[PDB]
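So the sequences go chain by chain: A, B, C and D.
Residue numbers for the first sequence follow my numbering, so the first one is 30 and each next one is one higher.
Residue numbers for the second sequence follow my numbering, so the first one is 579 and each next one is one higher.
Residue numbers for the third sequence follow my numbering, so the first one is 21 and each next one is one higher.
Residue numbers for the fourth sequence follow my numbering, so the first one is -5 and each next one is one higher.
Yeah, the Cβ is synthetic: ideal placement off N, Cα and C, and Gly gets one too.
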Amino acid sequence: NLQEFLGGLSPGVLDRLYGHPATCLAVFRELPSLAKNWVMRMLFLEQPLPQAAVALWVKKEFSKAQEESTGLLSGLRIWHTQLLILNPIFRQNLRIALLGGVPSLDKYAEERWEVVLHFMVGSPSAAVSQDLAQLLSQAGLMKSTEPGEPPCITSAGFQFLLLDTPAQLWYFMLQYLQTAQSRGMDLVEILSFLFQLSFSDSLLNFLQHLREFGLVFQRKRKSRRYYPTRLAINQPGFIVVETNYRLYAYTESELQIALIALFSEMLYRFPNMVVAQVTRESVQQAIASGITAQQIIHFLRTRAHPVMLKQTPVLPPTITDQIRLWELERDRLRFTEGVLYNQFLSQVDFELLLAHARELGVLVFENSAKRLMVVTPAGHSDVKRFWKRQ
Amino acid sequence: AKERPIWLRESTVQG
Amino acid sequence: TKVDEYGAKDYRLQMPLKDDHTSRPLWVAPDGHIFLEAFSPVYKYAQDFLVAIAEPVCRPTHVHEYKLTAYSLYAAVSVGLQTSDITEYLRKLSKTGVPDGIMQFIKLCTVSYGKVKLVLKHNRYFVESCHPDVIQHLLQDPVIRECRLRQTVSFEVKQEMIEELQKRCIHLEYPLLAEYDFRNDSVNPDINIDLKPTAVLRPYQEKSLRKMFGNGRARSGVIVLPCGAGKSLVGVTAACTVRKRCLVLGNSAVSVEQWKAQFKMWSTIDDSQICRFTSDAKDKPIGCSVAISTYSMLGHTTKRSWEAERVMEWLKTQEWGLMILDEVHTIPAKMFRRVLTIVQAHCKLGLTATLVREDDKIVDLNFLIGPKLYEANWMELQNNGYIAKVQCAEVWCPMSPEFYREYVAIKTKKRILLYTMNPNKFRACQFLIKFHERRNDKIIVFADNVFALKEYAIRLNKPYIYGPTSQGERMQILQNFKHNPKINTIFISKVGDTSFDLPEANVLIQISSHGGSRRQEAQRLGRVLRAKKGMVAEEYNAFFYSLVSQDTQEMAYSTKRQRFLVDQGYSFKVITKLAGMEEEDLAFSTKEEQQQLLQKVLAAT
Amino acid sequence: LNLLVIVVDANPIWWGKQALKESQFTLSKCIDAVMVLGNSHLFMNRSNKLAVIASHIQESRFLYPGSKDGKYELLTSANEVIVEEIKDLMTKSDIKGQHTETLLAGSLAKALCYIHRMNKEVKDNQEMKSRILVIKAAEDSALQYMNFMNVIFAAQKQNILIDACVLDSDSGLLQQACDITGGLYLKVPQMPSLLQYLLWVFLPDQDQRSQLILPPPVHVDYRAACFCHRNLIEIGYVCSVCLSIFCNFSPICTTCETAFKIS
DNA sequence: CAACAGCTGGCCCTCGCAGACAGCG
DNA sequence: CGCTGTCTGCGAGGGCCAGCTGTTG
Ligand SMILES: Nc1ncnc2c1ncn2[C@@H]1O[C@H](COP(=O)(O)OP(=O)(O)O)[C@@H](O)[C@H]1O
Ligand code: BEF
Ligand SMILES: [Mg+2]
Ligand SMILES: [Zn+2]
Ligand SMILES: [Zn+2]
C-alpha cells in the first residue's frame, strides 16, 4: 500500500519529501481515523507535550487504535518525542495547505494500459518501446536474455497479469519507484509528483513514462500542461462459470481472451462470447507456469458475469474446490533439502543435540522414537562443528 | 429440522 | 475450420453478429453446436424448439449446449416441424445467424422424411410409399433387394430382415416412417384399457405424448425422462391412447412387477388382463390383453422350456399395436435387438432415462425404435419439484498403505478387488450409514463387485440383493425396505441399478462400479431421484455419495462416470474427509483387522 | 462522510460591543477560527462537505453552499466566498430598535433543512453523518423558546448533532438542545484560544467522538415554571387541551376557555 | 519410421434352463 | 412309492476395458 511504502524510507528522504504543502496533505489523508485529530491538535503548538497525555486521550475501549496510529506516525516520523511536537517543516508545510502561505481520458488509460499487457503476453500487436521493455524486464516480472528476441514472461509476470487493474497498476508503480533510485532518478521528485497529481529533467523523463502507461495525457504534443487519467490519481464482469468446468467469456478484447487462455482451453470464438473449458491439463499448466490457484478463482471471481452475482457463491463451489485440488495435487511431495543423522549411539546425547539444533533454529524434522533428525545443509556445518567439539 | 451434515454444507478443502 | 492460436475453432470469418443480439439468446457455429442461454427472457420457447432439433450435449444451470446431427433433425420433421419453419425460427433465435453450411445441412436432412413408409398388416411387413421413384431407387440398392421377400406401390419384405432394411434405409437418406394408425385400425380388437380420472399426467408427461400423438396416428420413438420422472405412467398412458394389445418389455423380474403395479394404480385394466412372462411364473400369457415380460425371457436364444416355449409361440404369432420397451438403451445389444423382430409390433414406444452408452451403438435406436421424440431437462424438473433434489458427492477415501503397496505392484486385473475392498472406504460407508440412519433416511448402497457387496453386507449386518437371490426374496426385501422402519438400509448389486422404484430412498451410497459406465452412474442415482412426500424444491431432499479411493484408478473412472450427470447440471462436490469419523466406533480400526482383510482379498484372486 | 455546519452567531450588537470595549477578542478572529475550523474538516477527507451560517437580528444568510498562497485550491475558494459574504452581511444591514436580540432558531431551521436537502442529493451508496456546530456568542431570546424547541426535536429525529460552543454567556436553552440530540456542550472561557477548543472537542466526527475523552456533560436544569409567574415549579398542573404548565388549581385555565367540570 | 483405428478376448457379473436332492402326502 | 419346492451346475448373454494387429502421415 501507499502508506506501507512511505514507512520503508529513511528520515532524510522523508523530510525532503515533506516539501510543497500538497505532499503533507497527501500524507495526512492516509492517517486512518485517530491520528488526523492528533495532527490538528499539535499543529499550532510550538512546545512539546508529554507522551503520557497522548496515551490517555483515547478511552480504554478501542485502545488498540490508539497504539497502532501512534506507531504508524512514529514510522512516518511526523513527530518526535523531544525528551511530541511535529516536524517543524511538516507543521509549517502542512499549515500552508491548511490556510497558509473526461470520458475520453478513461478510455485512453484503459487502452494504453492494455497494450502494455498485450506486450506482456505474446501478442504480436502491442506497443514497442525499448525503454518500456527494459523497464518491465528490470521490474522483476519479465526476462529477455536476448535483446534481439522478444522477452518472455517470468513466473511473477503471469501472476501480475491476473491481478486487478488497480493492484496491477499500483504494484507496477511501486516497483517503478524502487528502481527509480537505482537508475539515478530522485525518489522524492517522482513521489512528490504522484501526491500532487492526486489533486525538471527528472520529471520530464518520469512524465514520459507515465504517458506511456496511459496514466497521464498531454493531448497537445507534449505541452507543459498534462491531463491525468482516472488511474493516475491512485467494471462489470463478462465470464460465466459452469459446474462442468466451462467458461463462457463475453469478451471482445484479445487481452482478456489471452488471460483466460492462460488457465483454460479455448474451444470456440464468438464476437461477444468465447467458450473455454477449465481442464486439469490447462490448470496444472497454469499452476506450473507460476499462477496460484487463489488468483485463478479470484480472477474468475472478479470478472463474474452479472447473472452469476445473484447466486451465492457466485462461482459454484465444486469449480472453486476442484481448482484448488488441482493445485494441491501437484505439490503432494514436499521436497525439502536436509542432512540426516542416524546411528545415534549416544541416546542421552541425542536429546542434547536435538535441543542444540532447536536452539539454532536449523532442525526441520525429528523422530524421537527412531532417534533421528534432519537439518538443512546451511546449518549442517554448525551442528557438525558442535559434534566435532564433543 | 434435519440440517445437512458439515461436510455437505460447507467446503472440506483445506484451501 | 480455422483454428486460433489457442487451439480454438475460429468462427469469426464464418458468421456475422446480429445487431439485436442481446435479445437473441442463441449461437450457431458451423460445427452445428448451439449454445443457448438459460438466463434469457425467451429461454422457454427456444429450449422446446432446440431440444427437438438438437439433442442436448450439456445443460448447466446457466448456458446450455446442443449439437445438430442428422438423427437429431430427423426427429424434428417427424414431430411436425419443417425445414422452412426450423431454419426461419433458428435464424430468428440466432444472435449471429446460421452459416451457409448449416443452413444447407438442415435442408438436406429434411427432404428425406415421408418418402418411404413401413406398414405392418396381417403379420406381413410392407414398404409403402406414394412416390414410385423413391421405391425404385431403393430397389437398385443391392441389400435392399436382397432382403425382399423371396399412386402407392408396396413390396413385401421378410420379417427376419427388417433391421437390415431399416439400417440401409437411413443410409440411403430415406428413413422408414414406422407410424401406426391405431385410430383407423379396426382389425385388432380394442382393449378395455382406460385411464382412470385419478391419474393426471404432469406437463412434461403430457408434452411427451403430444409429440407421440401429434397427428391422429401414433408415432414410434424413444421418449427420455429423468429417473423417477414417472416413465411408467407415460408408458401406461400410451397404451390407453392406443387401446390395443400392449406388450411391455422390462429389464428384470423386478421391472415387470412394478410395471404390473403401475398399470393397476394408473389404469382401470382389470387384474385378469394383466399378465407376466417370467421364469418365476406366468399369469396365463396365452390369454391376456397386456403382456409384461423381460428382454432376457423374450431374447433368450437357446432352446426354450416347454412352459416358456408355448408362450413364445403365441407371442410370435400375434399383432401388437404398442410395444413399450423399458430401458431402451439396452436394446442395441447384439441379442436384445432381435426381440424387436421376434415380436410383431406396429408402434414401438421406448422409455429410458440415460440415453448413453460407452459404445457407439446408441445411435441405432433411431431406426430400431425411432427418433428421440422427447428429452426432459433434469434441472427444469428438479426445480419444479417433480424429482427430488440430490446433493451428489464424491467421498475421497485414502488408500490403505498396506493395500496400496500391493495395488501399485499388482497389475493382473486384481486391482479391482483391492481398491474395492479398501478399509478406509469401508469406514466411510460404515460411518455414513450410521449417521444417515440416525436422520431417518432410507439408505441404498450399490456395489458392482458381489464380493464387496457380501463383505459389506455381513459386516454391517444389512440385507443384500444380487444375482442368486430369488425373485421372491429380493422382492421381499424391497417391500420391507419400502415400509418396514427396521430395514432402513439395503445393499444392491448390478441387478437393481435400473427400474427399482424406492420413492422414500433419500440417501444413496456407491462403493464400487463397472468402469466408466455413465449409464450405470446416472441409472444408479435414479433410485433416490424419485419425488419424496415431504419434498421441498430447494432443500436437497436426497443425496448421493460415490465412495472412491484416492490416488487409485477408481479416480479416473469416477470422473469418467460423472460426465453424464454434470452434463445435466449436477455438481459432484468433493469430500476429502468426513467429520465425526474419529469419534465413531467404526470397523477396521486396527492394523490387524486391515491386515486380515488384505490377505482375504488376495486369496479371492 | 460528514456534513459539518457552523451556525456562527454573528450578532453585530454583541460583537460590536466588543469592538467598543476594544477587547482582545474580535469577530474577525472568530470567523478566522471558524474558517480554520472549516478548512480542517474538509481537509480531513475528500468526501467531507461543510457549510457555514451566520445570524443577525434581521436575517441569517449562508456563508457557504490557482493556489496563490500555496494552500489547497478548493480551500482557497471557500475562504474567498466566506470572507466576502460575511463582510457584506455585517456592513449592510438595517436598524430596528424593537428587535435587537440575536436569532438562532431561524438560522438552525435553515441548517436542518439543508442536510435533508443534501441528504436527498447524496447517492444511496454513501451514508452521511451530518452535524451542526452551533457557535453561540450572545444571550438567547425569550420569545424564541417554542420555535427553537421544534428544530431540536427535528434534529433528534433525523440524527443531527448540535455541538454548542457558546461563549461569554451560558445559554440555558442551547445547553438543553445539545443534550437532547446527543451533541456536545462547551463554555470556553478563553475566547482568544477558542480555535484550539474546536480542533480538539468539536472537530472529531461522531463515529470517532465516542472513542475519545471529552469534557463531561454539564448538568442541565430542566426547569418548569408556571405561566402566571415564570418561576420554577416542581409540581405542575396541565390540561389535556392547552398542555400548559400552570401555577395552582383554577376552575378554568385562561388559555383554554374550556368548561372544566369540578370533581 | 511413428502414430492412430479397430474388432475381439477377457473379465466381471447376470440370466434362463436343466438336473438332482430334500420336504411333504 | 409320487409330487412340489430348493439348491446347484450348464450354457448363454450384457457391459465395459484392454490388447495385438491393420492401416495411414
Ligand atoms: N403423475 C404422477 N402422480 C403421482 N405420482 C407419480 C406420477 N408420476 C409418477 N409418480 C410416481 O413416481 C414414481 C415413478 O416410478 P417409475 O414409473 O418407475 O419411474 P421411471 O420409470 O421414470 O424410473 C412412482 O412412485 C410413481 O407412483
Ligand atoms: F428411469 Be426408471 F428408474 F425406470
Ligand atoms: Mg421405469
Ligand atoms: Zn403562578
Ligand atoms: Zn386549557
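1. State the Cα-Cα distance for the pair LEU97/D and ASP134/D, rounded to the nearest angstrom.
2. Could you spell out the range, first to last residue, of the beta strand (DSSP E) harbouring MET71/A?
3. I need the boundaries of the beta strand (DSSP E) containing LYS381/C, first residue and last residue.
4. What does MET38/D touch in chain A if you count any residue whose Cβ is under 7 Å from its own?
5. Among all the DSSP beta bridges, which residues are the ones paired with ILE182/A?
6. Got a sec: does ligand 4 put a non-hydrogen atom nearer than 7 Å to the Cβ of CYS241/D?
7. Of all Cβ atoms in chain C, is any one closer than 8 Å to the Cβ of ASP350/A?
8. Thinking C-alpha only, which one of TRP67/A, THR99/A, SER152/A is nearest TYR26/C?
9. Please confirm whether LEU345/C and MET232/C have their CB atoms less than 8 Å apart.
10. Less than 8 Å between the C-beta atoms of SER98/A and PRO61/A, yes or no?
11. Hey, which unbroken runs of the beta strand (DSSP E) at 3 residues or more fall wholly within the stretch 323 to 353 of chain C?
12. For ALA13/D, which residues from the same chain have a beta carbon less than 7 Å from its beta carbon, with the 5 sequence-adjacent residues on both sides left out?
13. Just the Cα atoms here: how many angstroms apart are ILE312/C and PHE297/C?
14. Nearest chain D C-beta to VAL87/A closer than 8 Å, yes or no?
15. Where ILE154/D and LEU31/A are concerned, what is the direct C-alpha to C-alpha distance, given to the nearest angstrom?
16. Taking the C-alpha atoms as reference points, what is the distance between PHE189/A and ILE289/A?
17. Cβ-heavy atom distance between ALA373/C and ligand 2 below 7 Å?
18. Taking 7 Å as the cut-off, does the CB of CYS222/D come closer than this to any heavy atom belonging to ligand 5?
19. Taking C-beta to C-beta, are residue 267/D and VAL232/D nearer than 8 Å?
20. Beta carbon of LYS251/C: closer than 7 Å to some heavy atom of ligand 3?
21. Sorry if obvious, but does the Cβ on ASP521/C come closer than 7 Å to a heavy atom of ligand 1?
22. Does the CB of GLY589/C have a neighbour CB from chain A at under 8 Å?
23. Identify the contact partners of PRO346/A in chain B, using a Cβ-Cβ distance below 8 Å as the criterion.
24. Whose C-alpha, out of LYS399/A, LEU101/A, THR174/A, is nearest the C-alpha of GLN163/A?
25. Which residues in chain B sit within 8 Å of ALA322/A, going by Cβ to Cβ distance?
26. Taking Cβ to Cβ, would you say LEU(-3)/D is nearer than 8 Å to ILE109/D?
27. Taking the continuous beta strand (DSSP E) assigned at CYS24/D, which residues delimit it?
28. Any heavy atom of ligand 5 closer than 7 Å to the beta-carbon of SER238/D?
29. If you reduce the DSSP assignment to three classes, tell me which class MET441/C lands in.
30. Would you tell me roughly how many angstroms separate the C-alpha atoms of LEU63/A and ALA261/A, rounded to the nearest one?
31. Would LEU522/C and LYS502/C qualify as a contact pair, given that the criterion is a beta-carbon distance under 8 Å?
32. I believe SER490/C touches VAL274/C by the beta-carbon criterion, under 8 Å. Please report the beta-carbon distance rounded to the nearest angstrom.
33. Shorter than 7 Å, the distance from the beta carbon of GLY270/C to the closest heavy atom of ligand 1, or not?
34. Leaving aside the five residues before and after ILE362/C along the sequence, list all residues of the same chain whose C-beta is less than 7 Å from its C-beta, in chain order.
35. Compare the C-beta of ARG353/A against all C-beta atoms of chain B and say whether one is closer than 8 Å.
36. So, is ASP120/C buried or exposed, given that buried needs 16 or more other C-beta atoms within 10 angstroms?
Straight from the coordinates:
1. Walking along the fourth sequence from the start, residue 97/D turns up at place 103. Walking along the fourth sequence from the start, residue 134/D turns up at place 140. Spanning the alpha carbons of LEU97/D and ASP134/D requires a straight line of approximately 8 Å.
2. Position 42 of the first sequence holds residue 71/A. Segment: none, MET71/A is in no beta strand (DSSP E) and carries neither H nor E.
3. Translated into the one-based positions of the third sequence, residue 381/C becomes position 361. Run containing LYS381/C: none; DSSP gives neither H nor E here.
4. Numbered from its first residue, the fourth sequence carries residue 38/D at position 44. What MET38/D touches in chain A: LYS65.
5. Position 153 of the first sequence, counted from the first residue, corresponds to residue 182/A. BP columns for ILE182/A point to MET171/A.
6. For the purposes of this step, residue 241/D is taken as residue 247 along the fourth sequence, with counting starting at 1. At least one heavy atom of ligand 4 is nearer than 7 Å to the Cβ of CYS241/D, so yes.
7. Looking up residue 350/A in the first sequence gives position 321. By this cut-off, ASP350/A is an interface position.
8. The residue labelled residue 26/C in the question sits at position 6 within the third sequence. Looking at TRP67/A, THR99/A, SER152/A, the one whose alpha-carbon comes closest to that of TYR26/C is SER152/A.
9. If you number the third sequence from 1, residue 345/C lands on position 325. If you number the third sequence from 1, residue 232/C lands on position 212. In terms of Cβ geometry, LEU345/C and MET232/C do not form a close pair [threshold 8 Å].
10. As a first step, residue 98/A is located in the first sequence; it is residue number 69 there, counting from the start. As a first step, residue 61/A is located in the first sequence; it is residue number 32 there, counting from the start. The answer is yes: Cβ separation under 8 Å.
11. Uninterrupted beta strand (DSSP E) stretches at least 3 residues long and entirely within the stretch 323 to 353 of chain C occur at 340 to 346, given in chain order.
12. Along the fourth sequence, read from residue 1 onward, the residue named residue 13/D stands at position 19. So the list reads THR20, once near-sequence residues are dropped.
13. Here the question's residue 312/C lines up with position 292 in the third sequence. Here the question's residue 297/C lines up with position 277 in the third sequence. Rounded to the nearest whole angstrom, the CA to CA distance from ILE312/C to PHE297/C is 6 Å.
14. Locating residue 87/A in the first sequence gives position 58, counting from the first residue. Using a CB distance cut-off of 8 Å, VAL87/A counts as an interface residue toward chain D.
15. Taking the fourth sequence and counting its residues from 1, the one referred to as residue 154/D is at position 160. Taking the first sequence and counting its residues from 1, the one referred to as residue 31/A is at position 2. Straight-line Cα distance between these residues: approximately 34 Å.
16. Reading the first sequence from its first residue, position 160 is the one you call residue 189/A. Reading the first sequence from its first residue, position 260 is the one you call residue 289/A. Cα to Cα, the separation comes out at about 14 Å.
17. On the third sequence, residue 373/C is found 353 positions in, with the first residue counted as 1. Ligand 2 approaches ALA373/C closely enough that one of its heavy atoms is under 7 Å from the residue's Cβ.
18. Taking the fourth sequence and counting its residues from 1, one reaches residue 222/D at position 228. Checking the Cβ of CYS222/D against ligand 5 gives no.
19. This structure cannot speak to residue 267/D, because chain D is shown only from -5 to 257.
20. On the third sequence, position 231 is the one that residue 251/C refers to. Indeed, a heavy atom of ligand 3 lies less than 7 Å from the Cβ.
21. Within the third sequence, residue 521/C is the residue found at index 501, counting from 1. For ligand 1, at least one heavy atom lies less than 7 Å from the Cβ of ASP521/C.
22. On the third sequence, residue 589/C is found 569 positions in, with the first residue counted as 1. It does; some Cβ of chain A falls within 8 Å.
23. Walking along the first sequence from the start, residue 346/A turns up at place 317. The answer, in chain order, is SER589.
24. Against the first sequence, residue 163/A aligns to sequence position 134. Minimum Cα distance to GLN163/A is reached at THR174/A.
25. In the first sequence, residue 322/A corresponds to position 293, counting from 1. Neighbours of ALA322/A on chain B, chain order: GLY593.
26. Here residue -3/D refers to the residue found at position 3 when the fourth sequence is read from its first residue. Here residue 109/D refers to the residue found at position 115 when the fourth sequence is read from its first residue. Taking 8 Å as the Cβ cut-off, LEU(-3)/D and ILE109/D qualify as a contacting pair.
27. Reading the fourth sequence from its first residue, position 30 is the one you call residue 24/D. Segment 21 to 38 is the alpha helix (DSSP H) holding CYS24/D; no beta strand (DSSP E) there.
28. Position 244 of the fourth sequence holds residue 238/D. True, at least one ligand heavy atom lies under 7 Å from that Cβ.
29. Locating residue 441/C in the third sequence gives position 421, counting from the first residue. Correct three-state label for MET441/C: coil.
30. To locate residue 63/A, count along the first sequence from 1; it is residue 34. To locate residue 261/A, count along the first sequence from 1; it is residue 232. Approximately 28 Å, taken between the alpha carbons.
31. Working through the third sequence from its first residue, we reach residue 522/C at position 502. Working through the third sequence from its first residue, we reach residue 502/C at position 482. Contact flag set, yes.
32. Here residue 490/C refers to the residue found at position 470 when the third sequence is read from its first residue. Here residue 274/C refers to the residue found at position 254 when the third sequence is read from its first residue. Contact doesn't hold; Cβ gap of about 12 Å is too wide.
33. Within the third sequence, numbered from 1, the residue matching residue 270/C stands at position 250. Between ligand 1 and the CB of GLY270/C, the shortest heavy atom gap is not smaller than 7 Å.
34. What you label residue 362/C is simply residue 342 of the third sequence in a count that begins at 1. Correct list, in chain order: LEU318, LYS336.
35. The residue you call residue 353/A lines up with position 324 of the first sequence. Chain B contact via Cβ: present.
36. Your numbering for residue 120/C matches position 100 in the third sequence. By the 10 Å Cβ count, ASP120/C comes out exposed.
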